[PDB]
Amino acid sequence: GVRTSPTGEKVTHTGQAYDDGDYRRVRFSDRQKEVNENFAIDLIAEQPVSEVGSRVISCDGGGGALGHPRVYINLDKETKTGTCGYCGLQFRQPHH
Amino acid sequence: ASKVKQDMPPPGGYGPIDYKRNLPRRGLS
Amino acid sequence: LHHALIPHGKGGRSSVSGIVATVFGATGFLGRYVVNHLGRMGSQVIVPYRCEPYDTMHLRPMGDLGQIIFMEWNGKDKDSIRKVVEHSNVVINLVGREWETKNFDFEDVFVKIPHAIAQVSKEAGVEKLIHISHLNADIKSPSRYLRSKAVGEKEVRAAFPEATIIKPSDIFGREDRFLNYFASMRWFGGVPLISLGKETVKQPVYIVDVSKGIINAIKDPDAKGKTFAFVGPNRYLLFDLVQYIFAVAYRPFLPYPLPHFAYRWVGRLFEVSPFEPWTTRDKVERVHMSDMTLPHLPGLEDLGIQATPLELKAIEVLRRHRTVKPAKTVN
Amino acid sequence: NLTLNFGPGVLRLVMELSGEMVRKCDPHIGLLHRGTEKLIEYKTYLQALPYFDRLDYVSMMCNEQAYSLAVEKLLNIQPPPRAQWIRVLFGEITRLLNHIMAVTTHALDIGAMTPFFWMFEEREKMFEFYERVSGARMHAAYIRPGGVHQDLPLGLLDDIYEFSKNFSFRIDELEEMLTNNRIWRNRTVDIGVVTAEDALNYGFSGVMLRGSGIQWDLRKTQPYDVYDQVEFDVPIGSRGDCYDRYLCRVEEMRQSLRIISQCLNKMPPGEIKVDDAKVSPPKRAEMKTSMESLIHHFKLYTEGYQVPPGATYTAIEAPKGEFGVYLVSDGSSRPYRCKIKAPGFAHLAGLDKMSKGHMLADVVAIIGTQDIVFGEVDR
Amino acid sequence: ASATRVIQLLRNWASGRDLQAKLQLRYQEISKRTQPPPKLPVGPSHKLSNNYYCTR
Amino acid sequence: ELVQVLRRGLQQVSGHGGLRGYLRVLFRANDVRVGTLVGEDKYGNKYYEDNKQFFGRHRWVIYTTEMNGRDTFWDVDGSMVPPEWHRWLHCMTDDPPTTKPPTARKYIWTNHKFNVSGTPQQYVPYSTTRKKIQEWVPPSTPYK
Amino acid sequence: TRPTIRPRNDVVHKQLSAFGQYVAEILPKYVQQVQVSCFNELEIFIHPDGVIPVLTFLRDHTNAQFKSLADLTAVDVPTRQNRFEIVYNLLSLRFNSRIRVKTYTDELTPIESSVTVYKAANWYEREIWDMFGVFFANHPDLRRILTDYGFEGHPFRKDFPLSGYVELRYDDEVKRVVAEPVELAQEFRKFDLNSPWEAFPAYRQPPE
Amino acid sequence: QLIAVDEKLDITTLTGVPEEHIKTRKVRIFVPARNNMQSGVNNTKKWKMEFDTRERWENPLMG
Amino acid sequence: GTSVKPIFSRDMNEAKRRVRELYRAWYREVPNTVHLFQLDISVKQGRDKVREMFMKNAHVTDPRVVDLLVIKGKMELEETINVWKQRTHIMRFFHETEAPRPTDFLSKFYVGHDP
Amino acid sequence: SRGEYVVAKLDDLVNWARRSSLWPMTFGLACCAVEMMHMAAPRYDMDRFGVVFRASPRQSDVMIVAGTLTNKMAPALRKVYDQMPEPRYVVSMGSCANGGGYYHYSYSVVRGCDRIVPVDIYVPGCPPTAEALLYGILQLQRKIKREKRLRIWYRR
Amino acid sequence: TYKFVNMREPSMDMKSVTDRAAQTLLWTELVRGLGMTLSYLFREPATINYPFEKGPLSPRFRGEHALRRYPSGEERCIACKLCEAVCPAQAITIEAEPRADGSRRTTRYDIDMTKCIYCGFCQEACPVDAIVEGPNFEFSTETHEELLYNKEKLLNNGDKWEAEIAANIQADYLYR
Ligand SMILES: CCCCCCCCCCCCCCCCC[C@@H](O)O[C@H](CO[C@H](O)CCCCCCCCCCCCCCC)COP(=O)(O)OCC[N+](C)(C)C
Ligand SMILES: NC(=O)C1=CN([C@@H]2O[C@H](COP(=O)(O)OP(=O)(O)OC[C@H]3O[C@@H](n4cnc5c(N)ncnc54)[C@H](OP(=O)(O)O)[C@@H]3O)[C@@H](O)[C@H]2O)C=CC1
Ligand code: SF4
Ligand code: SF4
Ligand code: SF4
Ligand SMILES: [Zn+2]
């Protein structure tokens with residue numbers, strides 16, 4: 001989800017870009033600015049919300065011991081969905 | 001269920017390992 | 001003052017001085033000293049080069065990590081000048097050559113290139129421009145070098161009305177072409193001087209003095225549209241100056257008077273060679289010509305610098321020329 | 001009487017010579033002083049472990065073991081038996097590496113350069129063993145103050161056995177090149193003779209003692225880990241010169257092969273670090289499944305384990321001699337003081353006496369026979 | 001080793017040892033670079049009872 | 001004997017596609033060995049093996065003559081090998097990526113790049129964080 | 001005690017305690033304290049005046065004959081009136097034993113050099129002088145051994161900063177290596193790791 | 001054997017500290033306050049001496 | 001009371017005698033050091049530097065501190081005479097690459113926060 | 001033109017000659033030197049590339065700084081660098097020489113050898129493997145191949 | 001037990017003395033050494049054909065650092081700063097803040113590769129396998145600046161090497 005600054009530089013996923021009067025831009029002339037094109041926030045926003053018929057669900061990020069520490073997520077609040085604090089996957093109970 | 005599997009010597013051990021100096025005499029008086 | 005350009009630290013290698021300087025001609029003799037003085041106090045230096053990267057390698061340790069940026073350029077192209085001076089608030093012009101090549105004469109080096117640099121810097125919004133000419137620059141000088149310098153001053157002032165013009169007088173130093181040229185005459189035996197070197201008076205100036213003067217002119221707020229003359233403390237007749245130089249080098253001195261016309265012919269022969277010439281018609285005329293006196297021009301003392309006499313640095317320059325009685329001065 | 005300053009491992013040597021004779025030899029050191037002992041005071045014990053790899057670079061594994069033993073003694077814990085056996089096996093491999101380096105370099109300086117290449121092929125194979133067990137060829141950080149970091153991969157013992165059953169022929173080739181060569185004997189025999197009393201008083205250790213006939217070896221006298229469960233002989237010299245020390249070193253390599261064979265055949269099963277999560281970090285799966293394991297992992301990798309207050313002097317029989325650590329803990333997770341004792345320090349301090357009345361070219365042989373690595377000496 | 005018989009005899013005579021028995025170049029006798037997974041047993045403190053930390 | 005090694009040399013000559021290919025491989029890799037083709041790279045690199053050579057010489061790569069944008073006929077370097085063949089070639093595994101391919105991920109680069117030091121594509125470090133202190137903006141209207 | 005705990009050795013503990021009492025009895029003029037640690041290490045705390053006698057005794061007595069000097073070093077403890085503690089580690093091959101001898105000094109009080117007892121001390125004391133500034137009287141030639149020539153201060157002192165006061169670079173104007181005040185592009189990050197909730201109750205101090 | 005000289009101790013000329021890091025510095029001697037996030041009091045037992053805070057700035061490269 | 005063990009000198013007079021001996025040795029050595037290291041300074045300013053270094057410690061009234069300083073100065077002279085120092089070590093006494101630090105209040109106020 | 005086409009051929013020939021025989025003088029300061037010694041070992045055989053083993057400083061072409069550079073050591077390294085014939089290059093090997101490494105915050109360590117001499121190639125690693133150092137040497141060869149002294153002279 | 005290395009007495013009978021004289025005059029042991037060198041000349045050299053052939057490595061080998069992500073494409077790093085805490089060289093600099101969606105993520109993750117000792121303590125301290133030491137070792141550089149990696153460089157390295165990194169982790173994770 002790379003954007004472009006009004007000056008012409010690519011805005012990184014952290015949102016950094018030298019302002020127009022910034023001299024430090026001179027470091028990128030005759031060279032390039034290293035920007036990662038895969039934005040994690042957009043990529044995790046694309047994962048569908050899992051439908052589970054349980055009040056509490058466990059998440060380890062997948063892969064067993066190759067994931068993250070296993071955590072338990074409560075799904076009592078119907079207004080929002082449960083989100084893993086490590087991985088960002090979303091879980092929800094089947095309303096209606 | 002599955003048993004333990006780690007790096008171990010083979011059953012009966014390894015073959016003997018030479019360490020003594022070997023400087024043979026070719027032979028001529 | 002653009003917060004990123006607010007000075008920080010204690011004026012050292014990893015400090016921030018708030019100076020972004022593009023130094024044209026930084027790969028030369030005065031360029032290394034200017035870059036070293038800029039980098040030792042924590043400024044960012046853009047060094048435009050036209051030679052081989054290998055020849056600029058010696059400037060790399062003069063700054064902290066990321067404080068020296070090397071950029072390709074050429075004087076015939078305004079776009080390279082633009083891209084090299086886009087982000088600087090200081091531009092220093094040090095481009096010069098003591099001989100004419102098949103690709104660049106004195107007009108290109110001292111008039112067209114300085115004018116292009118000044119025009120592009122003015123369009124780019126550079127705050128300060130510092131241009132170097134000669135003390136003996138005038139439009140009626142016999143030598144084309146000096147005449148070009150006079151023309152260059154006029155065009156730099158026209159393009160950048162707030163430019164600081166600095167007029168040194170025969171800088172001497174470890175990599176100079178003054179003391180080394182006079183001491184390099186040992187190979188040809190007796191030294192040849194027009195009229196036995198008794199008619200021309202020189203006022204040489206130390207290299208570190210000139211570099212510190214440029215730095216302090218950058219620092220000085222009211223030195224915008226001024227013209228400075230950087231000269232040494234003492235004036236010498238050329239004969240006794242060369243005698244002192246040879247005495248310091250422990251070399252035998254055999255000066256013989258030579259006809260001006262004869263000297264010119266000798267200079268011309270050196271010029272034809274593809275490699276850099278030891279002497280040129282313009283060089284012999286420039287060293288035979290006496291140093292001007294401009295008391296009305298602000299000097300090095302006006303920048304808080306006490307000029308160092310040649311007697312303290314002559315040993316440093318001339319020790320490598322070997323294998324006590326300082327000269328008399330006229331003031 | 002002419003004075004020469006042979007300047008810049010990296011060594012500065014100021015000598016006064018009367019003709020060909022060496023009248024005085026003065027080593028100037030500190031060209032590799034990095035202030036390791038002061039830097040250690042700003043690290044946790046785990047963070048301080050990798051400095052010992054860099055102390056004596058030729059034999060990285062042994063320094064790890066000495067530091068781990070000191071920390072274990074201060075912690076009042078002991079490593080599991082399999083960890084001890086792995087430690088001793090890799091210490092003997094480390095000894096072989098150091099011995100090859102010391103012998104080949106000594107020969108190379110002496111002007112014989114062929115065995116350097118011949119045995120550096122074997123050194124490369126042992127570097128492969130290091131890398132397979134730890135991921136690094138030489139700066140390993142494998143031996144930890146709770147045991148070892150990781151278990152051996154499933155095919156390492158077989159490859160070590162295959163390597164070790166061919167090494168005696170390489171030693172025999174080195175001897176064929178060196179031991180009976182008359183030039184080598186003339187360069188080494190009766191050079192740098194030191195008496196037993198002088199060696200003891202000057203602080204010498206290791207081969208520098210055993211070349212003079214002193215029957216002393218820390219693995220026999222003051223065994224650590226499992227060295228009391230292995231059988232080997234201690235080579236002893238008779239004349240205290242360079243030739244006897246070379247023979248002792250060559251013999252030691254053969255003994256190391258013997259010990260390696262015993263270690264291979266008697267490697268036990270079990271865990272590789274102490275089953276105490278307040279000292280050794282837990283397994284990854286436990287850290288990702290158990291609350292206590294995650295807490296202990298977090299604390300051991302952020303604060304580190306606290307060592308009870310006290311001071312110890314722990315020494316091991318290193319390839320270059322007695323290598324020791326004087327460790328002072330104030331009760332926190334950072335050592336208060338860590339003084340490193342290096343054998344080469346005393347050996348270089350004795351170089352002046354050892355080179356009395358010799359040629360200038362004998363100084364090179366004496367420096368080679370002292371087995372001097374600069375990083376340990378300067379620290 | 002892909003060495004001719006005559007060269008093997010010459011090198012054996014020159015060295016005085018039988019080189020083929022103990023070669024210094026690795027061959028198929030070494031272990032495979034792909035290995036089965038391990039199991040890595042647990043230590044003595046992995047008991048579920050009678051394992052209070054104050055006793056160890 | 002001698003005739004066997006002579007025949008093996010002539011067979012090495014013939015197995016590279018004649019004298020032209022033999023000279024090409026000789027002047028590009030300083031080697032004329034022939035092995036079974038293990039694999040072909042999407043950038044043009046070829047990967048061969050020969051288990052009869054000693055460990056270290058039993059696997060090798062013949063580099064492509066044209067990677068992303070440069071003529072690599074003479075200027076080859078180790079960073080031109082993609083990660084899967086990198087794992088195979090350094091003996092980190094016994095299985096080539098042809099027999100078992102690496103797991104496919106959307107974020108994994110579809111085009112491997114070599115070392116781009118000394119090139120306009122080189123990496124330039126910079127701070128990735130935002131301004132910490134915001135300066136007060138004076139008003140644009142005159143006060144009196 | 002279970003397999004994770006280091007085993008004890010009461011025999012060596014008794015032997016070291018008895019020999020410590022023996023040494024203290026023989027030289028009451030200098031021995032201030034005798035201790036044996038729980039991992040069987042014997043230390044003898046002496047007055048600074050007794051460095052030459054005690055060491056000589058431990059080297060030459062038929063029942064001691066500690067003929068090897070393993071290490072000699074100093075420890076800096078700024079809270080003490082006598083700032084530096086001098087530690088001698090001695091090894092006896094005849095009895096296969098080790099001993100530690102401790103004394104103290106401050107910035108200005110010299111300590112007698114022990115090169116006459118052990119030659120190995122010659123460099124060790126030099127290193128101490130370099131790192132802590134402790135002067136040794138009657139040293140054959142006392143000078144810096146580890147620091148650069150002209151280095152100011154003693155780095156191993158606690159109050160000496162980790163990065164020092166000066167750093168070196170090459171200057172082209174003077175064409176040589178020069179020394180300037182230190183300036184770090186990234187300052188060393190000081191970590192506060194010590195936790196509350198004391199770890200070892202057996203070392204608790206009285207609350208005074 | 002004893003001088004018995006009467007003067008306050010001063011070792012400034014022997015420590016190698018530069019001049020402007022002796023007279024311009026202001027040390028603080030204090031018992032550190034307890035971290036309010038925790039109840040443990042083991043970090044409030046000893047006295048600490050620390051120096052006055054000086055300037056810290058941003059590296060133009062890497063920030 | 002306040003009885004302390006001596007280093008070399010019992011009272012200040014012996015300390016000043018040692019100081020004068022060291023000063024004589026340095027003064028004698030300066031010209032040879034200038035010639036041997038090919039220094040571009042003069043003998044006069046080298047002796048001025050020696051005088052300045054001696055005067056830096058003129059306020060010491062403790063004989064133990066005095067003869068410890070004498071020991072350090074003798075070590076420095078030993079390093080200089082034996083040519084264990086290089087030209088850079090000798091020239092470090094002059095601080096030729098350091099820009100001067102102004103002392104007045106206004107300049108310090110302008111450059112930054114450091115007193 | 002002939003002039004511009006001739007200078008290119010001569011530049012190619014001189015570059016090939018210079019990069020095909022690189023004679024290094026090795027400053028074996030610390031553990032990195034050991035890996036350097038493993039690159040001269042038979043497995044890698046630096047000599048087979050034209051890179052001679054243990055060249056003299058007066059006839060050396062590239063300086064390899066392999067290990068930590070202390071303050072006590074820096075002037076001698078600078079002096080050795082100043083004594084090298086003009087076509088000289090510097091290769092910084094290892095983290096210590098690159099930026100100070102593990103002893104970066106030390107009172108007695110130069111924080112990177114580029115504070116003393118200019119550096120052409122930085123080889124990362126602690127230590128870099130002999131293979132990594134060989135890669136750095138080949139990278140220096142490519143960098144030498146890329147340079148063009150005669151074209152700059154002709155155009156100037 | 002102990003062994004004597006040089007405790008042999010030469011025989012003094014006429015035959016042994018004549019044998020030693022023959023060795024002295026006819027240079028027998030020097031010829032033996034020549035034979036050893038000659039035998040070594042005729043065996044196969046141990047040189048490999050770099051860069052076409054590479055030295056053997058292990059899945060545990062530590063190379064250039066990389067930041068990995070989950071299969072969904074979101075980064076694994078959650079800014080716990082354990083790698084920064086454990087780093088023996090203080091080579092890691094981390095700054096973090098809540099993301100636009102409230103996630104705990106880094107805004108700065110720098111590794112000074114010229115301070116790094118490549119010990120691998122960071123990758124074992126990491127609770128989520130976010131920072132790893134990948135298999136690449138051929139990343140030499142022409143300038144000091146390009147060895148000061150920021151977060152973008154490390155994420156690019158991860159995306160570049162993920163296949164091999166994941167294979168190595170699959171090979172070695174049962175030992176960790
Ligand atoms: C008789 C008169 C003599 C006068 C003086 C002449 C001195 C001798 C000069 C003749 C020597 C011929 C030069 C040989 C160069 C060819 C080498 C070629 O194969 O190199 C390749 C070609 O690259 C370059 O294009 C070669 C440029 C060399 C010059 C080309 C021809 C110039 C000859 C002009 C001579 C005129 C002399 C005029 C003055 C008298 C690149 O390989 P490289 O990258 O390295 O290696 C990579 C490593 N790998 C292979 C393992 C992957
Ligand atoms: N005695 C003295 O030195 C005096 C000098 N000055 C003036 O001071 C300035 C600096 O002097 P100095 O350092 O001796 O000069 P140098 O000859 O040492 O160097 C001049 C610089 O300008 C560059 N340059 C020259 N010609 C061109 C061109 N056609 N295109 C692009 N760049 C070019 C050179 O780069 P490259 O190396 O790539 O050619 C070089 O770096 C000069 O302009 C001179 O007029 C004034 C009075 C006295
Ligand atoms: S860079 Fe690493 S391996 Fe090399 S000397 Fe320094 S610490 Fe040792
Ligand atoms: S490998 Fe070690 S030194 Fe390098 S970043 Fe990781 S923890 Fe720090
Ligand atoms: S890389 Fe791993 S250890 Fe480091 S901050 Fe991120 S999650 Fe924590
Ligand atoms: Zn999850």
# chains A, B, ... in the order shown; residues from 1 in each chain; ligands from 1

$ closest_atom_pairs --of "chain J" --to "chain K" --cutoff "6 Å" --atoms "only C-alpha atoms" --output "tab-separated table"
residue	atom	partner	partner_atom	distance
J:42	CA	K:47	CA	5.4
J:43	CA	K:47	CA	4.2
J:44	CA	K:47	CA	5.6
J:95	CA	K:114	CA	4.7
J:98	CA	K:114	CA	5.4
J:99	CA	K:114	CA	4.8
J:101	CA	K:115	CA	3.7
J:102	CA	K:89	CA	5.3
J:120	CA	K:142	CA	5.7
J:121	CA	K:142	CA	4.6
J:122	CA	K:141	CA	5.1
J:123	CA	K:140	CA	4.8
J:126	CA	K:117	CA	5.0
J:132	CA	K:138	CA	5.6
J:136	CA	K:140	CA	5.8

$ interface_residues --of "chain D" --to "chain G" --cutoff "6 Å" --atoms "only C-alpha atoms" --output "PyMOL selection string"
chain D and resi 30+76-78+200-203+303

$ interface_residues --of "chain F" --to "chain C" --cutoff "12 Å" --atoms "only C-alpha atoms" --output "list in words"
residues 118, 120, 124, 125, 126, 131, 132, 133, 134, 135 and 136 of chain F

$ residues_near_ligand --ligand "ligand 1" --cutoff "10 Å" --atoms "only C-alpha atoms and all ligand atoms" --output "ChimeraX atom specification"
/F:25-31,63,72-77 /J:6-20,49,138,141-142,145 /K:49-52

$ write_last_selection --atoms "N, CA and C atoms" --output "mmCIF file, in the first residue's frame"
data_model
loop_
_atom_site.group_PDB
_atom_site.id
_atom_site.type_symbol
_atom_site.label_atom_id
_atom_site.label_comp_id
_atom_site.auth_asym_id
_atom_site.auth_seq_id
_atom_site.Cartn_x
_atom_site.Cartn_y
_atom_site.Cartn_z
ATOM 1 N N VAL F 25 32.806 -23.146 -21.703
ATOM 2 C CA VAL F 25 32.812 -23.531 -20.295
ATOM 3 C C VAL F 25 34.215 -23.408 -19.709
ATOM 4 N N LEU F 26 35.250 -23.711 -20.501
ATOM 5 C CA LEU F 26 36.619 -23.607 -20.005
ATOM 6 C C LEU F 26 36.981 -22.167 -19.661
ATOM 7 N N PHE F 27 36.601 -21.216 -20.512
ATOM 8 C CA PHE F 27 36.939 -19.819 -20.282
ATOM 9 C C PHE F 27 35.957 -19.101 -19.367
ATOM 10 N N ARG F 28 34.787 -19.679 -19.102
ATOM 11 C CA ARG F 28 33.836 -19.062 -18.186
ATOM 12 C C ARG F 28 33.949 -19.587 -16.762
ATOM 13 N N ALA F 29 34.223 -20.880 -16.580
ATOM 14 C CA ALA F 29 34.263 -21.471 -15.252
ATOM 15 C C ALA F 29 35.600 -22.104 -14.900
ATOM 16 N N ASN F 30 36.576 -22.089 -15.813
ATOM 17 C CA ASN F 30 37.884 -22.708 -15.595
ATOM 18 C C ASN F 30 37.754 -24.186 -15.239
ATOM 19 N N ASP F 31 36.732 -24.842 -15.785
ATOM 20 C CA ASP F 31 36.449 -26.239 -15.489
ATOM 21 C C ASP F 31 35.786 -26.867 -16.703
ATOM 22 N N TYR F 63 26.576 -20.317 -14.384
ATOM 23 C CA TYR F 63 25.790 -19.100 -14.284
ATOM 24 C C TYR F 63 25.243 -18.685 -15.644
ATOM 25 N N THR F 72 26.353 -10.892 -17.611
ATOM 26 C CA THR F 72 27.102 -11.702 -16.662
ATOM 27 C C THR F 72 27.866 -12.807 -17.378
ATOM 28 N N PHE F 73 28.280 -12.542 -18.619
ATOM 29 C CA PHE F 73 29.106 -13.505 -19.340
ATOM 30 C C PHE F 73 30.443 -13.712 -18.640
ATOM 31 N N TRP F 74 31.060 -12.630 -18.172
ATOM 32 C CA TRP F 74 32.308 -12.691 -17.420
ATOM 33 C C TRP F 74 32.149 -12.320 -15.957
ATOM 34 N N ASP F 75 31.204 -11.439 -15.633
ATOM 35 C CA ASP F 75 31.069 -10.907 -14.277
ATOM 36 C C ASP F 75 29.978 -11.667 -13.522
ATOM 37 N N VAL F 76 30.341 -12.862 -13.076
ATOM 38 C CA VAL F 76 29.467 -13.663 -12.234
ATOM 39 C C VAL F 76 29.898 -13.507 -10.781
ATOM 40 N N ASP F 77 28.945 -13.689 -9.871
ATOM 41 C CA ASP F 77 29.244 -13.688 -8.447
ATOM 42 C C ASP F 77 28.214 -14.548 -7.729
ATOM 43 N N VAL J 6 40.706 4.139 -28.636
ATOM 44 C CA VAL J 6 42.002 3.608 -28.243
ATOM 45 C C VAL J 6 42.174 3.641 -26.730
ATOM 46 N N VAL J 7 41.777 4.752 -26.116
ATOM 47 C CA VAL J 7 41.892 4.900 -24.670
ATOM 48 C C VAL J 7 41.090 3.826 -23.948
ATOM 49 N N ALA J 8 39.970 3.424 -24.539
ATOM 50 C CA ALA J 8 39.130 2.390 -23.943
ATOM 51 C C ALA J 8 39.829 1.036 -23.951
ATOM 52 N N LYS J 9 40.475 0.684 -25.067
ATOM 53 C CA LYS J 9 41.177 -0.596 -25.127
ATOM 54 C C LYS J 9 42.345 -0.642 -24.146
ATOM 55 N N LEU J 10 43.124 0.440 -24.068
ATOM 56 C CA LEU J 10 44.244 0.477 -23.132
ATOM 57 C C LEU J 10 43.759 0.427 -21.688
ATOM 58 N N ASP J 11 42.652 1.113 -21.395
ATOM 59 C CA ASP J 11 42.080 1.080 -20.056
ATOM 60 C C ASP J 11 41.614 -0.323 -19.699
ATOM 61 N N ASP J 12 40.985 -1.018 -20.652
ATOM 62 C CA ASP J 12 40.591 -2.404 -20.426
ATOM 63 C C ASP J 12 41.800 -3.280 -20.137
ATOM 64 N N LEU J 13 42.874 -3.119 -20.915
ATOM 65 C CA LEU J 13 44.061 -3.945 -20.710
ATOM 66 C C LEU J 13 44.685 -3.695 -19.341
ATOM 67 N N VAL J 14 44.818 -2.425 -18.954
ATOM 68 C CA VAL J 14 45.434 -2.105 -17.671
ATOM 69 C C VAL J 14 44.558 -2.582 -16.516
ATOM 70 N N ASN J 15 43.235 -2.423 -16.636
ATOM 71 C CA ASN J 15 42.336 -2.906 -15.593
ATOM 72 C C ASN J 15 42.411 -4.421 -15.455
ATOM 73 N N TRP J 16 42.445 -5.140 -16.581
ATOM 74 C CA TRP J 16 42.569 -6.592 -16.520
ATOM 75 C C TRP J 16 43.874 -7.000 -15.856
ATOM 76 N N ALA J 17 44.975 -6.334 -16.209
ATOM 77 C CA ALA J 17 46.258 -6.664 -15.601
ATOM 78 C C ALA J 17 46.248 -6.390 -14.102
ATOM 79 N N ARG J 18 45.614 -5.292 -13.685
ATOM 80 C CA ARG J 18 45.657 -4.913 -12.277
ATOM 81 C C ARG J 18 44.750 -5.795 -11.426
ATOM 82 N N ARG J 19 43.583 -6.178 -11.946
ATOM 83 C CA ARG J 19 42.678 -7.019 -11.174
ATOM 84 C C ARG J 19 43.010 -8.502 -11.258
ATOM 85 N N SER J 20 43.847 -8.917 -12.206
ATOM 86 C CA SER J 20 44.250 -10.314 -12.315
ATOM 87 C C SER J 20 45.469 -10.647 -11.467
ATOM 88 N N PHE J 49 43.673 -17.446 -7.793
ATOM 89 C CA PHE J 49 43.052 -16.287 -8.418
ATOM 90 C C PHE J 49 44.067 -15.241 -8.856
ATOM 91 N N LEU J 138 36.579 -10.690 -4.826
ATOM 92 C CA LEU J 138 36.067 -10.691 -6.194
ATOM 93 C C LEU J 138 35.254 -9.432 -6.480
ATOM 94 N N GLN J 141 37.685 -6.878 -7.288
ATOM 95 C CA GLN J 141 38.121 -7.076 -8.669
ATOM 96 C C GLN J 141 37.134 -6.459 -9.653
ATOM 97 N N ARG J 142 35.835 -6.657 -9.420
ATOM 98 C CA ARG J 142 34.827 -6.057 -10.292
ATOM 99 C C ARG J 142 34.855 -4.533 -10.210
ATOM 100 N N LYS J 145 37.654 -3.379 -12.246
ATOM 101 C CA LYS J 145 37.277 -3.488 -13.651
ATOM 102 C C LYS J 145 36.385 -2.329 -14.078
ATOM 103 N N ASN K 49 35.842 -25.012 -6.663
ATOM 104 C CA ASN K 49 35.804 -24.045 -7.762
ATOM 105 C C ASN K 49 34.796 -22.932 -7.463
ATOM 106 N N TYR K 50 35.114 -22.147 -6.437
ATOM 107 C CA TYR K 50 34.306 -20.980 -6.111
ATOM 108 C C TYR K 50 34.401 -19.948 -7.236
ATOM 109 N N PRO K 51 33.300 -19.249 -7.566
ATOM 110 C CA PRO K 51 31.962 -19.276 -6.966
ATOM 111 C C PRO K 51 31.002 -20.297 -7.566
ATOM 112 N N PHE K 52 31.488 -21.145 -8.471
ATOM 113 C CA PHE K 52 30.633 -22.177 -9.041
ATOM 114 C C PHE K 52 30.379 -23.315 -8.063
#

$ residues_near_ligand --ligand "ligand 5" --cutoff "9 Å" --atoms "only C-alpha atoms and all ligand atoms" --output "PyMOL selection string"
chain K and resi 67-68+76-86+92+94+105-106+109+122-132

$ interface_residues --of "chain B" --to "chain D" --cutoff "7 Å" --atoms "only C-alpha atoms" --output "list in words"
residues 6, 7, 8, 9, 13, 14, 17, 18, 19, 20, 21, 22 and 23 of chain B

$ atom_distance --atom1 "CA of residue 26 in chain C" --atom2 "atom 27 (C, counted along the ligand's line) of ligand 2"
10.7 Å

$ residues_around --residues "residue 3 in chain B" --least-positions-apart "3" --cutoff "12 Å" --atoms "only C-alpha atoms" --output "list in words"
residues 6 of chain B; 37, 38, 39, 40, 41 and 42 of chain E

$ interface_residues --of "chain A" --to "chain F" --cutoff "12 Å" --atoms "only C-alpha atoms" --output "number ranges by chain"
A: 11-19, 24-40, 43
